[PDB]
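If you read the protein sequences in the order shown, they are chains A, B, C, D, E and F.
Residues 577 to 879 (the numbering used here) make up the first sequence, in order.
Residues 577 to 879 (the numbering used here) make up the second sequence, in order.
Residues 577 to 879 (the numbering used here) make up the third sequence, in order.
Residues 577 to 879 (the numbering used here) make up the fourth sequence, in order.
Residues 577 to 879 (the numbering used here) make up the fifth sequence, in order.
Residues 577 to 879 (the numbering used here) make up the sixth sequence, in order.
C-beta: ideal position from N, C-alpha, C; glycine also.
Protein chains: 6
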Amino acid sequence: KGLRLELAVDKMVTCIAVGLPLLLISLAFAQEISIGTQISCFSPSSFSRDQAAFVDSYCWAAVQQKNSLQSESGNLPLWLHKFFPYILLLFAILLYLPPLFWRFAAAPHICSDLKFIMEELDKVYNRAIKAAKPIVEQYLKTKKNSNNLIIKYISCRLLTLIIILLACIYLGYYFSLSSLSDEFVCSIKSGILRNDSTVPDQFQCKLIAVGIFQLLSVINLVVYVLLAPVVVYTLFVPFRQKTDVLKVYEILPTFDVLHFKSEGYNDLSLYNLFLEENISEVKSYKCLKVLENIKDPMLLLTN
Amino acid sequence: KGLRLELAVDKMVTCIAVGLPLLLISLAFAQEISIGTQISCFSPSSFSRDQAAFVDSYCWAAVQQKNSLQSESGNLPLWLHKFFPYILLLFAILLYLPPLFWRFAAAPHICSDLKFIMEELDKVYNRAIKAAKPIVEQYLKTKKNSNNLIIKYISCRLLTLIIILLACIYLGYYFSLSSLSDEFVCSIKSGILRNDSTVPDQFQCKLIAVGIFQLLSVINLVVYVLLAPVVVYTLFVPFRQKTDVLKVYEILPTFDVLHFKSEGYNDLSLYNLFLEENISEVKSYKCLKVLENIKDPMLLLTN
Amino acid sequence: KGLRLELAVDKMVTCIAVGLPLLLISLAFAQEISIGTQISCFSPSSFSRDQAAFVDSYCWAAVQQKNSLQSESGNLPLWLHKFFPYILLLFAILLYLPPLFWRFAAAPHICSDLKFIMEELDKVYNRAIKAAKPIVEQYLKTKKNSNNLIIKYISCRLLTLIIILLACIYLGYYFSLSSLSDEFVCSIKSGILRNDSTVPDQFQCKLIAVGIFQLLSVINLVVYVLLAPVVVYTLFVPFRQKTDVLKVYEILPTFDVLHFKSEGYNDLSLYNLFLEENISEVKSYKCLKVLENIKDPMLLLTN
Amino acid sequence: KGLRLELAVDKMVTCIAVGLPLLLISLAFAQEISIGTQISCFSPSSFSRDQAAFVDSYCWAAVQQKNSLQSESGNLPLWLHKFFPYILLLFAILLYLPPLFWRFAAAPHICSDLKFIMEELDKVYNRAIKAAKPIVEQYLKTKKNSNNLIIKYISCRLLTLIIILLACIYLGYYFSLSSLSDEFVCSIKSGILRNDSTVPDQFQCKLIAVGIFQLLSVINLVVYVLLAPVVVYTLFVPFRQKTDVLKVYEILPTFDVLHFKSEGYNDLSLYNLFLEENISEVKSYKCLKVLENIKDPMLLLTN
Amino acid sequence: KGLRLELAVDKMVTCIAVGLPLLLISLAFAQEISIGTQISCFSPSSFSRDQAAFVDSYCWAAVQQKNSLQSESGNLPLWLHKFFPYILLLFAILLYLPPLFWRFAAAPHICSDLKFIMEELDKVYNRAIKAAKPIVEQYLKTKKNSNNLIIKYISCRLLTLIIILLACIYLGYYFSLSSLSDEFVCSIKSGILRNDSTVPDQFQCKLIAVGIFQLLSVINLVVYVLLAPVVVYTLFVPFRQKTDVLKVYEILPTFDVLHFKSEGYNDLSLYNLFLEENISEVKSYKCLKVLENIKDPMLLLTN
Amino acid sequence: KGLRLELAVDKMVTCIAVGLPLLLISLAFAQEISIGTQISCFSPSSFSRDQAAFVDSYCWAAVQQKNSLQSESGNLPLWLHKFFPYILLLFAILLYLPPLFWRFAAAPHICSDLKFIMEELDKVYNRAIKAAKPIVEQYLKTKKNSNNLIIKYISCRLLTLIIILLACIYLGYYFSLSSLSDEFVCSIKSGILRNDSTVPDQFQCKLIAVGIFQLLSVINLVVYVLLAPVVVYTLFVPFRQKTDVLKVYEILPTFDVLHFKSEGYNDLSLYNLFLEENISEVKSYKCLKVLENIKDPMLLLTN
């Protein structure tokens, strides 16, 4: 309660990387701008409105099977054209899952430790205030050896980076299509229709809503390309920490002087990273910052 | 209130195994990507738009009866094609039911015991704190003999595994269809229509939205195949427990030293499993962990 | 407040027996899988699209009257085909009503007695705790003679069983239809249409969405067949009670020793059944169970 | 707050009698089972799809005027067929209004008196409890003379019974229609259409959704026929009261012995009826019932 | 808070008079019972489906201008037929506005005075109770002279009565239409269409949904005719008050004996009317009524 | 809690600049005023309704590719016409992002400092009040040197101004189109359609909903042109501050006299700007303003 328990940078990255595919999916087939269907086949004028509908439905369904259609770029582009929103949704879910793993596996494990450290710091400040008028340091030393949680953090970040990279590769390949792959030549000649001569041998079909799909693909690719360096930088946990949140506390006599920094690539670095975001919410923090920047015992006893 | 009362692994497994069939059902016939109907039959040009609609409706309804249609893979694939979402929903409900059974039959039976054990541990810690300046052990010994709740747990997990396995078998069989089973040859020649010559003997019909169905089936099959080892590992209740949540408490003098572990395949193992998730929410737990890892009476009396 | 006041078995039975017909009704004509209409009649090609619509509407409306249509299985199957969802909804309401009767007629009558008995047990435990360092028994004896509430309970269960049995009979009869009863021969020859020769004498009509109806009927029948033994067992109120919730309390000296069991087929059995579910929510219950299973005065005075 | 202030029988009667017409109205034209329109007229094949639509609309609108149509059962059945849902809604509102009158005119007038009597009884019980270790009777005597509220109660019940009876009469008359009154012979020959010869003199029209209307009418009639004896019995206010809620209180010495019963057909009977439902929610009630059934001063001083 | 601040009769009148036009508007064009459009014109068979649609739209739009159509009852009935729901909504808003004026202009002005008088009465009762063991009268005398609020009340009631009367006149005139005014003779001969001979000179049009409009008009007229005497009686503010709410308080010695009645046609009458509804919610009121009806000092000191 | 933490001018600017593109997008294709589709192509009368639909869909999809269409203003205007709502939404998101950055990166960093300064001022006022009967100044001096937050503020304002300017440029260029660019000449001659002679070589297509798009573009351009000077003025942070919120506090003896102003272009100016909005919510502020404007020790001790 009241703890962010999640970095701002990696709550923005998750929000963008999950919302954007959802937004693109919702915009791709929104009736505000969209057209009727996704396939349209040119059937002869003698055909009725139920034979033309059959041709459309058959050639939309037979886009999986390459034994009927005769395209120029192969059946893979048509496969991609039919199932673009499904792939976008799959990518969105694959991005959203690691945040759920991190939440369900480290919400209390970080919440309890954060609350305990905050209470220890508050007690130390209260003792110093009531004394002038090191449990936490030993806990930090203990956390230095335990190299468990930072491994999980960097593993989740690495797998999210891998998913982003593979989505970038897929979208860059999809956008590179000829833009004439949206049209093909179908044929309704299966079963009893193979022998009669009242149907033309081949129908010219066009996959509508492909230019929109390519536009959305390029938008997603450029956004993910911009976003990837953010995760790459986030991977460097020790470099993120600015080792200055504890040097202010070293002015206090009760607190253990010469506090350890975040270097070492351990869970101590992760706990420092989680601290720098939440220490600003501690009342004693600013009451000590004012004294440390303006300095001493008189000002300490003033508040 | 405040107790998870359900393991994270088996709240993730239930969530995935129930949500995924619902998601696939919602995506199968979502107008965002879907087509008009699920069947389309080719009727002669002389037919009006109400005779073609009658042919479509008749050949969609007569997909149950094999005395009219003349298919190549039998009527079973057509049966499956018509009722795929219903089978998916049935599987989803069959997965969701055992969680409801476990909830309705063990929510208070686990909640009361957990609260009592937490209060006993808190009282023991308070007595130790107020003394320096074994009811729970006997209850654990009692729970060791009672082999009732772990049997229910493993029974529910086993039946969920069986349901997952049978769903995997069904989806693997459904996906293995020829992909040409979506088309068949129907005939409207029942009753007074049998004698007239103004109707063709047979109509070529195609079941639309079958490739989408097979794609969803393969997605569900691969996800359930990935998920099955998780439940298989979950079946091994004694191996899951890391017998270290009580060895920390053995430092306390008031608490009964040499606490029993979770081995034995009894309700004690299940209670240990439920404890390891909830002990992290106990205030005394971390206040004892700090002392045990840094060690003693002086630090015990400090807090 | 906080009292279940309804058995888990008979809150599951009601939930299943009411939700399942609603689920089947919602699935029967859900546009996710359904087709356009429920009747389709084959009209000559010379007919316009408003004469064919008139034929469809007339032959759908005249399925009540048997003087026009010429079917083979009689007009009763057609009656059933037209009004299947209405019958399902009627069955659902008939199942849901007895729970409403039991609630509106016994919610306070059971709530007040349960709260009074819980308070009496708490007071007895408190007196025993504050004394070492029988109003409830006489109330139980009084409830033994009063044979009123168990009669209402078994009457409601019996009538719900009767409704389930009659629904099973109806659904088993409906599913046993020939599956060719969905088609019939109609005729629009009433009034001024009787004399003209521009209309064919008879039209071939088919009732769509009948195979789906039969599938739903068989699903409902099999579920209700599975569910009926549950209600049959529930009818045996005295056998359900495990007479062990009071033998634990007999260890207490203040409480009246040799507590009466639930046998006798009276309201005492029903009150025992309601107690076994709610006693687990009493704080004194487990505090006495630990002592009784591990045993005595020293442990009693410990807590 | 916490007072039912409305009898269970007459909160069930109102709920049924208001909900059922709403349910029937919602089911009559629910697209889950319904058909396209409510009228269908057979126009010649030479007519376009806008002349046939004009014929349908004209013959649906001219069902009010009997100078055009030539029916066999008169224009009254057609009037009823067109406006069945409106009449059902009017009946529902006429049933729902008297509950609103009773609420808006007697919610505080009964709430204040009930709360005052409950407080008086609680004070009497407290005085008896604190004394061993008649304001309410005089108020009851006063209420005996005041014959005002029971008159309003029986008037509301009588008018609801009259409304139910007239609705039963109307629905029984509507269901008794020939079932061939849903078809008639219309004619579009008003104005400039009277002289041309390109239109047939008469059109055969059928009112669809009449068999459904008759089914709903018979359902409503049978339910209201079942419900009427309930209101008839409810009319007998003095017979409803079981004069036993005050004889238990006569054991108390402070309370006025020989309490008056509910007989007399006054507001005292109504207040007794409202008491028997709410006295079960009084804490002192059961604490006195236990003593009275098991009996005395020792048990009175025990609690 | 807790004060009705609005008479039950004039909260029922407003509710009915505002809800009923809304209900009629919602029912007039509810697709549950309604038909496709509100106008239908008979165009020759040679016309396409876009020329017939143009004829319908033109003759629906040109119902304002009388230079084209040739009706028999004038263009005023057609004007009324096109804009019936708008007039109903205007009437509903005109009825709803005066309640908003009364609320926004007299909610605190009545709330503060009511709360002050209630507190004064409570203080007088408390003083009498604590004394045996006239500010409010002077305030009433002051309110007697101030003839301001009753003028506003009767003005609002009078204007609502005038609005109801004019709505009754309008609806009675609208219902009295010939019922053949729903049909007329239109002509599309404006501009370049005046010279060509491929269009008929005149088209026979019918305004659908006019019989429904007349039915709703007669329903509204009869309800408002029933409702008008209620407002007429409400206009007589002094006659409404039953001068008995203060004669009970005159038994108290501290309270000023011989309290003034409500006669005089001043704001005192309105304050009496507002008091009789809210005095029943005062605890001291019934505690004094019991004593006054059963009588004295002994009973006064008893409570 | 209770702190605005965002200037009114820059919460109005963000609200307008984000809501207006959303409002225009919602109005552009709202069915309340809109037409059926966005493209319409004129196909020969011999074409069926499925060949004309194919022509429409093909020429709407092939508006990306310039090898088929033959327009007069180039393919860029057609590109803009197809994707106008997408560009509007992109602009809206680009405007909305910097507010999210400022919130997520400076909500606690400003909230904690504001609360600390408010508490310091309250303590100073309380000490002065309890004394007659400089931590904050030193903190202000410290904030004077720290030039960090104002840089972020002006950077966000500058980038929002740049986005507004580029959106203005784009909308001014889009509105300047010829207004005949909404029509073009398409051709369905790709694949097997290239050789047959049953199709015309070129089709005349028109992009509907372009005049509406240009109207919305001019509205957005004029609003953003009006709004840009507001952001330009907002860029001048030091000029915004009226250095009078601290000169009132200098009357107090305890507070450090001769308080520094906001000039200097540092974080002190930003903190002054945030103070002037929130100081009005401080109770001591007005209690000191009254004394300072009416002046002294007697009035200071009066409150």
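Interface flag, residue i vs chain B, CB-CB below 8 Å
i: residue 843 (chain C); result: no
i: residue 766 (chain A); result: yes
i: residue 830 (chain A); result: no
i: residue 588 (chain C); result: yes
i: residue 736 (chain A); result: no
Inter-residue spacing [alpha-carbon to alpha-carbon] between residue i and residue j
i: residue 608 (chain F); j: residue 607 (chain A); result: 14 Å
i: residue 783 (chain A); j: residue 611 (chain F); result: 24 Å
i: residue 795 (chain A); j: residue 667 (chain F); result: 14 Å
i: residue 737 (chain F); j: residue 862 (chain A); result: 34 Å
i: residue 657 (chain D); j: residue 645 (chain B); result: 42 Å
i: residue 638 (chain F); j: residue 671 (chain E); result: 58 Å
i: residue 854 (chain F); j: residue 860 (chain A); result: 23 Å
i: residue 766 (chain D); j: residue 755 (chain E); result: 13 Å
Beta-carbon proximity of residue i to residue j, cut-off 8 Å
i: residue 880 (chain A); j: residue 856 (chain B); result: No statement about residue 880 (chain A) is possible, as the shown extent of chain A runs from 577 to 879 and does not include it.
i: residue 631 (chain E); j: residue 788 (chain E); result: no
i: residue 849 (chain C); j: residue 579 (chain C); result: no
i: residue 616 (chain A); j: residue 633 (chain F); result: yes
i: residue 760 (chain C); j: residue 797 (chain C); result: no
i: residue 600 (chain F); j: residue 792 (chain F); result: yes
i: residue 686 (chain C); j: residue 696 (chain C); result: no
i: residue 769 (chain C); j: residue 779 (chain D); result: no
Whole-Å CB distance - residue i paired with residue j, under 8 Å assumed
i: residue 743 (chain A); j: residue 800 (chain A); result: 6 Å
i: residue 806 (chain B); j: residue 730 (chain B); result: Not really, about 15 Å apart at Cβ, beyond 8 Å.
i: residue 866 (chain B); j: residue 715 (chain A); result: 6 Å
Below-8 Å beta-carbon distance, residue i vs any chain D residue
i: residue 862 (chain E); result: yes
i: residue 649 (chain E); result: no
Proximity test, Cβ basis, 8 Å: residue i and chain A
i: residue 598 (chain B); result: no
i: residue 877 (chain B); result: no
#### Entry: Contact list for the stretch 669-688 of chain E against chain D, Cβ threshold 8 Å
With the criterion set as a beta carbon lying under 8 Å from some beta carbon of chain D, the stretch 669-688 of chain E has no members that meet it.
### Task
Determine which residues of the stretch 773-785 of chain C have a Cβ less than 7 Å from any Cβ of chain D, and write them out in chain order.
The stretch 773-785 of chain C vs chain D, Cβ under 7 Å: nothing.
### Message
Tell me which residues of the stretch 738-758 of chain C have at least one Cβ-Cβ distance to chain B shorter than 9 Å, keeping chain order.
### Response
Within the stretch 738-758 of chain C, the qualifying residues are 755, 756, 758.
### Task
Check distances from the C-beta atoms of the stretch 702-719 of chain B to those of chain C and list, in chain order, the residues that come in under 8 Å.
Listed by position along the chain: 711, 714, 715, 718.
### Message
If the cut-off is 9 Å on Cβ atoms, which residues from the stretch 654-667 of chain B count as contacting chain C, listed in chain order?
### Response
Result list: 658, 659, 660, 661, 662, 665, 666.
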